[PDB]
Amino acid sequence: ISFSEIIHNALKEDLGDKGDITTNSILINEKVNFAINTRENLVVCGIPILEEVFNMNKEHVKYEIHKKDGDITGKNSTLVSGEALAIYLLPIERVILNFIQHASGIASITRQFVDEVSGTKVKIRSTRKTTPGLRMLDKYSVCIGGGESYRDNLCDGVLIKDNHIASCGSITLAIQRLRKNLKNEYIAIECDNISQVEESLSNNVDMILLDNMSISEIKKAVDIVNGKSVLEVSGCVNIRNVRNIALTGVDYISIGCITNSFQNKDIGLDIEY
């Protein structure tokens, strides 16, 4: 997965054409030892972004990676250390930290959900309710946290949604039109009641997504589906009920709030003398 464009855009928004007027008006040739240090427990994510950014400035930053993406670490853990020309380091500090705090926030909440469905068959998935401009970083971070993804975007998978059904008039017609136009594509469909589950099953779809159903309804869907289709539960599922959802027998749980509405992790850049 390439991060080069998002890195550029993050640098550009913070550094513009004039650059860092504070740093540049104070520092010349000072060299500093630094450390990227966690201020809380987290699943590490975003180190490749930090590497790509430091690697643009290879003559001016020397560094050592102590933790790789996916490592679980405690408070006060040094993720990366090294030495730099301060005039090259301080202007990129906030861009690097904002990336790894965001990415580690996603990896960490995801891992909390994955740990809580441990010993069931279920995999946690991301959705498309991701931060604008960071679709791929967000889905990558969910994967580093132990989750999966059905598709990256609207181009690489079929998912017939509530609003497709309301627009064409029926699940049956929607699947009919799609089968004609697409070459034996894997079909996923969103259902918000049991009658839609039954209709989706009549049409031999590959995957059924249960949207905002009660646990009793989810169990009924599991029963009627009877292993003839993949089943996924969607919504913002909180940490206190994801296990009960998992134990129904569904295959996947997709969660919106692991990629929006989550806590960034507190990570800082500490500089010596």
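Numbers for residues come from their place in the sequence shown, where the first is 1.
Could you check which stretch, 103-111 or 72-80, carries the larger mean CA temperature factor in the entry?
Mean B over CA atoms: larger for 72-80.
Using only C-alpha atoms and the B-factors in the entry, which stretch averages higher, 51-59 or 216-224?
For C-alpha atoms only, the mean B-factor is higher in 51-59.
Return the residue from 97, 87, 160, 134 that has the highest Cα B-factor in the entry.
Answer for 97, 87, 160, 134: 87, with the highest C-alpha B-factor.
Comparing recorded Cα B-factors across 167, 126, 172, 184, which one is largest?
If I rank 167, 126, 172, 184 by C-alpha B-factor, first place goes to 184.
Could you look up the Cα B-factor of residue 120 in the entry and say which third of the chain it sits in: lowest, middle or highest?
Highest third - that is where residue 120 ends up once the chain's C-alpha B-factors are sorted.
Pull the Cα B-factor of residue 193 out of the PDB entry and bin it into the chain's lowest, middle or highest third.
CA B-factor rank for residue 193: highest third.
Which third of the chain holds residue 211 when residues are ordered by C-alpha B factor: lowest, middle or highest?
It falls in the top third of the chain.
Looking at the C-alpha B-factor of residue 38, is it in the lowest, middle or highest third of its chain?
Bottom third by C-alpha B-factor.
Considering only modelled residues of the same chain, in which third does the CA B-factor of residue 260 rank: lowest, middle or highest?
Highest third, going by the recorded CA B-factors of the chain.
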